[PDB]
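Just the one chain here, laid out as structure tokens, in the form solved without ligand FMN.
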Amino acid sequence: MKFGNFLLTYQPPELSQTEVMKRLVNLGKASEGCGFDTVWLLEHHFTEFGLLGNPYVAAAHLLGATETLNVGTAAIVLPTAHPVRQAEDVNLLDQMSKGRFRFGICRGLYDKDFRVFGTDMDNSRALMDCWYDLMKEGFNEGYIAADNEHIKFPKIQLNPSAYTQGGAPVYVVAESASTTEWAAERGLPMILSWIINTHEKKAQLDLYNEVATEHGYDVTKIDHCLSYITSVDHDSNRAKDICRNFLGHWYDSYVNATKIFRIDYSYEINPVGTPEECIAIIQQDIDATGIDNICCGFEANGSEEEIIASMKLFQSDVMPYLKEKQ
């Protein structure tokens, strides 16, 4: 069983930016000791919803500070940055860390990003697909060239070379059936949403498998991840109140981010409550999906001390009991 810790770098009303950044640093560094094998970093721009706009740079910092910890993006908004610069970033991370970087990607949800970075949100799907083909070409061949409707540039040598054959492992946040299909055609693992229920997760993987299988991939070896909002406490209601209060503030921040220029019942389908309750919810999903990579976000928990406390309780009282699908 593998365990991932998600860091959103979200700024709740009670913390300053500087406090948020210090916590990002500390939480990253404490993850491995809490039994997490990977730290996942979300990208966000210009709002308190998430202060980290450059996860490749934050990943570099965390990877530099560790030895065996893997660090990934969940996820880079693919379309809003030059694909060649992103390939250089990924190969540098791959090389510096000696293969510990995990490249999670997505289409992009916020118009503000497209607006500022000069991209057409209307074409996010095409752009993500295009950029991925260019980066993969660089990862595989050591050179990249483009002459298409989205971009054009001469053939260049891409430095440095990929450390991992084929480039750092890619992961996809699939927000649509079409994204699920796109991932399946390339045999790429998905990072499943924490706001869909077991049935929906199983359906999504069923759609995925159909495609992947058709392509020849062995669906049993793809590293899909289950994502969760996590709050562990021997006092069930306490965990739940904290979670609900937090999501209040957070959802508002989300809406605000969508306009600069579901989540509610969430708690019921996430490991929020006693460790026993957490075991039950997660095992239900494992049982239905066969996934063995559990990714959890603990920021809703409070102060850095409370967050760490929650991480440690998950570690001691949840982790050991989860079992791979029978």
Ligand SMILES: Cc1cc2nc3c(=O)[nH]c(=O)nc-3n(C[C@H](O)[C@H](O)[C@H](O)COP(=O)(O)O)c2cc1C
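Residue numbers run from 1 along the displayed sequence.
The same protein also exists as the form deposited with ligand FMN bound; that form is not shown, yet it is the one meant from here on.
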Would ligand FMN, positioned as it is in the entry with it bound and superimposed via the C-alphas around its site, fit into this form without 3 or more of its atoms falling within 2.4 Å of the backbone or C-beta atoms? Open or blocked?
blocked
Testing 234 to 242, 73 to 81, 209 to 217, 90 to 98 against ligand FMN in the entry with it bound with a 4.5 Å heavy atom criterion leaves exactly one stretch, namely 73 to 81
State yes only if every one of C106, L109 and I191 has a non-hydrogen atom within 4.5 Å of ligand FMN in the entry with it bound; otherwise state no.
yes
Examine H150 and determine whether its closest non-hydrogen atom to ligand FMN in the entry with it bound is within 4.5 angstroms.
no
Consider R125 of the chain shown here, and say whether it contacts ligand FMN in the entry with it bound, taking contact as heavy atoms within 4.5 Å.
yes
Examine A168 and determine whether its closest non-hydrogen atom to ligand FMN in the entry with it bound is within 4.5 angstroms.
no
At the 4.5 Å heavy atom threshold, is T164 in contact with ligand FMN in the entry with it bound?
no
Work out which of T198, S253, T179, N140 lies within 4.5 Å of ligand FMN in the entry with it bound, going by heavy atoms.
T179
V173, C130, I229, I144: which sits within 4.5 Å of ligand FMN in the entry with it bound by any heavy atom?
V173
